[PDB]
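**Student:** Give the three-dimensional model of this entry:
(chains A, B, C, D, E, F and G, ligands or ions: 2)
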Amino acid sequence: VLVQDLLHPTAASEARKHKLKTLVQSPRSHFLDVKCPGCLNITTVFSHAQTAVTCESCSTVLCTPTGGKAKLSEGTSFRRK
Amino acid sequence: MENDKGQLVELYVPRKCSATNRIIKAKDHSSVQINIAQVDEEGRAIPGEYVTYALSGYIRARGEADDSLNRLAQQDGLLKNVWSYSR
Amino acid sequence: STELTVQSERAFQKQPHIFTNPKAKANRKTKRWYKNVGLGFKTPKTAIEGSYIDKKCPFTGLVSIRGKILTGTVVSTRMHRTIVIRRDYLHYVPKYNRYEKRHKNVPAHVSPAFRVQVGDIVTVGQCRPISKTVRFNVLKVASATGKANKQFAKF
Amino acid sequence: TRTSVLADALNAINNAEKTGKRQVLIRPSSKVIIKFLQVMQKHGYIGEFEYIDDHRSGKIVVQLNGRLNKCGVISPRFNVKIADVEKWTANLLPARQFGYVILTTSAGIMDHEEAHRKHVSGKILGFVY
Amino acid sequence: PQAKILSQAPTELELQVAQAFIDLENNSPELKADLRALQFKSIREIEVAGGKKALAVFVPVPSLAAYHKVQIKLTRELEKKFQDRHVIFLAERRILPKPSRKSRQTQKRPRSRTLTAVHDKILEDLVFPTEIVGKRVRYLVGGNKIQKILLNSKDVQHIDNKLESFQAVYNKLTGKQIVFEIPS
Amino acid sequence: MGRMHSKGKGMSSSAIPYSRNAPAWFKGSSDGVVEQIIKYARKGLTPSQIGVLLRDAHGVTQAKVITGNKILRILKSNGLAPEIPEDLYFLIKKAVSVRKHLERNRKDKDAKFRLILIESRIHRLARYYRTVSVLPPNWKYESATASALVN
RNA sequence: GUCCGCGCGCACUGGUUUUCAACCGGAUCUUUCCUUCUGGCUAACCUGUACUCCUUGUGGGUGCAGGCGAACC
Ligand SMILES: [Mg+2]
Ligand SMILES: [Zn+2]
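**Tutor:** Numbers count the residues shown, from 1 in each chain, chains lettered A, B, ... in the order given. Ligands and ions are numbered 1, 2, ... in the order given. The structure is reproduced below:
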């Protein structure tokens, strides 16, 4: 310690530290585009989604409530968007 | 420290730390004056020539003296990327 | 205020030495004398158009305004034609080089021309002693509404 | 709560300078802190520092150079006449050869030397020497 | 149709700029059916070091969004037609004075009208294609303030050479010297 | 980390991102999102729930960035603002539920302590809302007006 | 310049655009107002007219209806 660049820290330092502690805080969550196995209708889903996000087309759950990131339907396809 | 007439009334103008730039007391019995002899191209240490670094007692006591001297060596072209300004 | 019926009491209510002779066939309601108290203070229109009498009015009455003028916040209205004004300020204690919150309650006499409710800030002026505790007379009701300008919500 | 943001900034700078660091991170970073630190800088007690906009009150990162020995805020911002500034420089600064009671004048936040020269005084913020 | 899309016609340079705009209005199937209902606010020129020029148009802030939705292609077209001049779209702004306590109360001015937020907006829209992601403010030991701006590494190719142009534009406009940077 | 009624110091929160403008990947438009918010409001969802749904079931990060305006102001400008602010309403609900529970059984004294704590919290929030004039100045909370606002 | 104990580096009077440091300003132009006007009074010259009194050369005046207010009510 005793000599640092708090302004230009290593990206590893950015990743390891808890949010709200970085120089600028950006939520570690993100948004994903997901394909339901039944209908081809793509849907956008928040990473730590709270309520079960059924597609508007059909009663098919895509995420399940969980303390952290929601658990998917084991068949749907997610991509980071 | 200085009189009007133009003479230094202050006595034994003292050194300072080369790492924290802080003053070294007369009886700071931990401060160390490291001397690094210069080296020419073919690998001979030049006698009577060197570079000096006055590490303070406080940094030695805290234990962060080695990192400080890595920094001084790197900034003065004594070592190659031993010390990274980022962490 | 008197509730727009000064003639309510056992005695007549009029401005002394101002009158309208019934013999004059011009029929202007009553000669209503009025004055401007000075210091660049606007006399309200309802003072001229009013029917109250108020010997102690600064405009239609006989009293006068000179000397001290103070601004305060009205705190009590329940007594007739007179007001209780709070005055908050700071007293500098020098032993501590510090300040202390303090206040004084000043009675004042408010003309019927003014509509005063608890919460206003009133610019009041010094006058000839009206009664035992009152020596101030209302001049300007500045913060009449503040937030009461708009009441309801309908977008 | 963080009643005096200026106090927190100076407490951080004092702690780190005592530790012997070269950099500090002031968290809340109001503009009054910016003014105070740039007074320090124009008088050289501090080095190259940086504001970090966060769209929320910002932050500051400050480079030291070991020159600083003591900072400090006078949290109750007492009113000081032009007469009583000498009492305060007696009560705070080690000597009149240097040291600066930083106080806010009608011109702005500024040291007591320029305050005396401008012939103006206001509330008192802190002291640096 | 020159003077009818300019709100007035001094400074013939912007007359020729509007003439080029109309020449691009010939390209109907993709750059029209929306591009006709547009105006300007007396486009003007700023010197740029190295023998270059920066021509800034000014939006009457009706729906700047409309200009931005076509900004990249129209900007590229105006750059291939106009040689040795870099064109920039800016939001013409009526900054309001700060109310001096002795001055008159004027139905309190919105915070969006302040000089600082105006500078924020003008620096945001000085480069629409790249989003501004960081702002650093430093003060040299000489006391002169310098702003660093962190632009995204993605979408940087749309500009890729214009950084000194925006430097000159901002320095001439407001005197706030900038140094641009991108994360690696 | 405050915890105005517990020695706890938790700082669980949400970090609003730096980008003031809308994200580039968003494919909708402002007016469509506004209409969706209005439809959810007419369904009977409180503003926090509407924001949660827009985060979960759609690509809205936060509607303030997208719609250029905050949720409650959107309902208020369109005449859907609740007569009780949502947070104070939920606090009403908690207080009345605890009141009915103590009505059911007496000697649960920790429940009584928590009820007094909730009365403290509601008095604070009601004082705030009354000062900023969002609520009528003669508004109180004693015994049964509570259930009336609940029922 | 004057001078006064090899000299203090001009001891007493000024030029200070040899730069030069300021430190307070004041007035300026910023997309940047100085409470604002209604008239006095316009002070004054953006006046524009008979004109040059004053070397042809705006270095200055005999001089009044559009007109700068900030020199003051
Ligand atoms: Mg504060
Ligand atoms: Zn499905």
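
**Student:** contacts, neighbours, all on C-alpha from now
**Tutor:** OK.

**Student:** Show the backbone phi and psi for the spatially most central residue of chain A.
**Tutor:** By Cα atoms, centre = their mean, chain A has its centre lying nearest to residue A:47, at 2.8 Å. Here is the backbone geometry of residue A:47 (degrees, to the nearest 10): phi -60, psi -50.

**Student:** Now for it: which residues touch it?
**Tutor:** By Cα atoms under 8 Å, 6 or more residues apart in numbering or on different chains, the contact set of residue A:47 is A:29-32, A:69-70.

**Student:** want to try CSV for these, with secondary structure and neighbour count as columns?
**Tutor:** Formatted as CSV, the contacts of residue A:47 follow (DSSP: H, G, I helix; E, B strand; the rest coil; neighbours: other Cα atoms under 10 Å in any protein chain shown):
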residue, secondary structure, neighbour count
A:29, coil, 13
A:30, coil, 12
A:31, strand, 22
A:32, strand, 16
A:69, coil, 15
A:70, coil, 19
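
**Student:** any chance of those residues in JSON lines, plus distance to residue A:14?
**Tutor:** Shown next, in JSON lines, are those (distance: Cα to Cα, whole Å):
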{"residue": "A:29", "distance to residue A:14": "15"}
{"residue": "A:30", "distance to residue A:14": "16"}
{"residue": "A:31", "distance to residue A:14": "20"}
{"residue": "A:32", "distance to residue A:14": "22"}
{"residue": "A:69", "distance to residue A:14": "21"}
{"residue": "A:70", "distance to residue A:14": "24"}
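
**Student:** Residue B:28 is in contact with residue B:57, isn't it?
**Tutor:** Yes: using Cα atoms under 8 Å, residue B:28 is in contact with residue B:57, at 6.4 Å.

**Student:** and residue 58, what does it touch?
**Tutor:** I'll assume chain A. Per Cα under 8 Å, 6+ apart, neighbours of residue A:58: residue A:39.

**Student:** You answered for a different chain; I wanted chain B.
**Tutor:** Counted by Cα under 8 Å, 6+ apart, residue B:58 has contacts B:30-31.

**Student:** State the three-state secondary structure for residue E:150.
**Tutor:** strand (DSSP: H, G, I helix; E, B strand; the rest coil).

**Student:** does the residue nearest to it when sequence neighbours are not counted count as helix, strand or coil?
**Tutor:** Nearest in space to residue E:150, with sequence neighbours left out and distances taken as Cα to Cα, 6 or more residues apart in numbering or on different chains, is residue E:134 at 4.4 Å. Secondary structure state of residue E:134, per three-state DSSP, is strand.

**Student:** Quick one: neighbours of residue E:134, just the number.
**Tutor:** 19 (other Cα atoms under 10 Å in any protein chain shown).

**Student:** in chain D, which residue is closest to the centre?
**Tutor:** By Cα atoms, centre = their mean, chain D has its centre lying nearest to residue D:36, at 4.3 Å.

**Student:** Now do the contacts for the closest residue to that residue other than its chain neighbours.
**Tutor:** The shortest distance from residue D:36 to any non-neighbouring residue, by Cα to Cα, 6+ apart, is to residue D:109 (6.9 Å). Residues in contact with residue D:109, defined by Cα under 8 Å, 6+ apart, are D:32, D:35-36, D:102-103.

**Student:** contacting residues for residue E:119?
**Tutor:** By Cα under 8 Å, 6+ apart, residue E:119 has no neighbours at all.

**Student:** Enumerate the strands of chain A by residue range, in sequence order.
**Tutor:** In chain A, the strands defined using DSSP state E lie at A:31-35, A:42-46, A:77-80.

**Student:** Pick the most buried one from those strands.
**Tutor:** Most buried of the strands of chain A, by mean neighbour count (mean count of other Cα atoms under 10 Å in any protein chain shown): strand A:42-46, with a mean of 21.

**Student:** Ligand 2 contacts on chain F?
**Tutor:** Nowhere does chain F come near ligand 2, counting by Cα under 5 Å from the ion.

**Student:** what about the longest helix anywhere in chain E, distance to the chain center?
**Tutor:** Longest helix in chain E by number of residues (criterion: DSSP state H): helix E:12-25. Its chain's C-alpha centre and that of helix E:12-25 lie 18 Å apart, by Cα atoms, centre = their mean, to the nearest Å.

**Student:** same thing with stretch F:50-63?
**Tutor:** Worked out by Cα atoms, centre = their mean, stretch F:50-63 lies 16 Å from the chain centre.

**Student:** Identify the residues contacting that stretch?
**Tutor:** With Cα under 8 Å, 6+ apart, stretch F:50-63 has contacts from A:31, A:43-46, A:49-51, A:53-54, F:26-27, F:33, F:37, F:40-41, F:66, F:69-71.

**Student:** how about the residue of chain C found nearest RNA strand G, secondary structure?
**Tutor:** Residue nearest to RNA strand G within chain C (Cα to the nearest atom of the strand): residue C:40, separated by 11.8 Å. Secondary structure assignment for residue C:40 (three-state DSSP): coil.

**Student:** What about it, how many residues nearby?
**Tutor:** Residue C:40 has 7 nearby residues by other Cα under 10 Å.

**Student:** One more: the one 3 residues further on?
**Tutor:** Residues contacting residue C:43 under the criterion other Cα under 10 Å number 19.
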